[PDB]
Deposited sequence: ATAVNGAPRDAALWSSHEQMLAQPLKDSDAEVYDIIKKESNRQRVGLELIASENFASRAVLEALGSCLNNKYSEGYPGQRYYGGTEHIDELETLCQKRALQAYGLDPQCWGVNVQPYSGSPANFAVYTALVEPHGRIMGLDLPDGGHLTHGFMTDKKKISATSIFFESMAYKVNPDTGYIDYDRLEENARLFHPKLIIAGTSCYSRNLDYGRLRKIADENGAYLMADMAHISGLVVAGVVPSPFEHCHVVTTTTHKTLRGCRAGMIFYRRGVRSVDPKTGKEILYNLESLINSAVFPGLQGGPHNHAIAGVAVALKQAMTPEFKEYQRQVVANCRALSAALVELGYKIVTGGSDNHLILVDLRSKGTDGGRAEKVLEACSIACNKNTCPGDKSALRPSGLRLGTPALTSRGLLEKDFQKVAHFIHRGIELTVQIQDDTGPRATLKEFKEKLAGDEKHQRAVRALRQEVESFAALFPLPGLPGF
């Protein structure tokens, strides 16, 4: 009686099949185009990458690995996953006899948890940079009464902090505490840290306690491939990372691991990690995303990419320099990478407040706590990254105009705080910011300008989509 319209329902372009969702995608693209994206974890994926996501690769189930699958008809997915692993090892200049890699993790958090499952039995001890000091949830997060992060729930985690007076990680206190905590694995990775990680030192600390040194290069993965920051692959046993962010691919994760001699006493990391990801934690691999990651890896090895990362770091340096010239304090004085933590205290306000004033001006960036911050209830900083805007073509001069936009945003934030009063609440702040001509007026002007400037730049991706 039917089955006639059915064929086309599964054939029409998104625009007609569902106007609502399509309308949402179009307003998102406009939003991304006129705004100044400064969130350190954001970037814009190339057309080639996005083009792969929508392929028929979405349809195939390939549980297992090349050579050892559970389904039939994986010949092409096998070339794909294999090809992707080749490029992944290549992109980071790794030798196949000394390194192996898994490309099925669904995202960044899944990769980390998989490595914990494979090498750290349940309740095994894990050590990672404390959250308020730039750490990531997946590195463990708990309070004096509740285990929040799943890494803290299924395992025993204890954090190491950074020196409150330098913003640097306290390798000395980590070394000492590792002897009392007996970690099975130590994490070398940050989410809001503007400096390089002393992997060499961390490696010795691990070896002293027989622990594994796992690096989480999610934020600097792209910087590493381009050689603008030391590689973690020269000290760590395992390296996990997201494939988006500075690597500029689609969302997914990878787990790199050592192979060979640690021929007396060998690395049995491959078997574990692989079994952990499957049949351990994941099910069918998302081949379409694996393709996207593959495409990204190939672009990542081009000189244009190395060029891009070069510029990403230069821009952070210009931004970092301009805000300083304007009197803003930068945690640890500056950066070695794509981001910087601005301690808004030097201006008499917090990132909790600036977060809002700036967002209303189409300048995206998120609040974050600086060393010593009394409460996470009122974070003294703002994290700023350059990958996104640099993928847009902005150069040093441009980022200097950005620093000024951000600056004005902070002044309004302070101007408004003058009214609310010191003891004023955060709810009261948004209230006063939301209901006041003097302010709303300024917000209309700033926003206008910020957007005007953004509109002057291209926006990578499926054309206006």
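Missing C-alpha coordinates mark the following deposited-sequence intervals, in order: 1-11, 274-280.
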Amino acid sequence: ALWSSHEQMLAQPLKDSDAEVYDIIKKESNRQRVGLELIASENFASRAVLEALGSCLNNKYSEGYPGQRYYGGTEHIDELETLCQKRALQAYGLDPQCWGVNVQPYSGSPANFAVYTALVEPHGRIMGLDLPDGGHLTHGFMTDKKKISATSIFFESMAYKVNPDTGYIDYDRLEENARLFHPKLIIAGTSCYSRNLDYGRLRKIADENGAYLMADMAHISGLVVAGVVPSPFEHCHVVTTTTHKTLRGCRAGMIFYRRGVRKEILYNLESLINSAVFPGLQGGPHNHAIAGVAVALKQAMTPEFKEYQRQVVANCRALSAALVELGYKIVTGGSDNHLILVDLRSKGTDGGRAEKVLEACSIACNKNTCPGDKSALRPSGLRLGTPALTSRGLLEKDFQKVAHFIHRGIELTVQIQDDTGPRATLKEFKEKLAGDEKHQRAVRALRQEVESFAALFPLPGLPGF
From here on, numbers count along this sequence of modelled residues.
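Just going by the entry, 135-143 versus 390-398 on mean CA temperature factor gives the higher value to 390-398. Legend: mean Cα B-factor per stretch from the PDB entry, 184-192 versus 117-125; the higher mean is in 117-125. Comparing the C-alpha B-factors of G348, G385, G334, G280 in the entry, the top value falls on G348.
Based on the entry's C-alpha B-factors, the most elevated value among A215, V101, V225, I169 belongs to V225. In the deposited entry, the Cα temperature factor of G54 places it in the lowest third of its chain's modelled residues. The deposited CA B-factor of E63 belongs to the lowest third of values across its chain. Compared with the other modelled residues of the chain, the Cα B-factor recorded for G352 ranks in the middle third. Among the modelled residues of the chain, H244 sits in the middle third by CA temperature factor in this PDB entry. In the deposited entry, the Cα temperature factor of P96 sits in the middle third of values across the chain's modelled residues.
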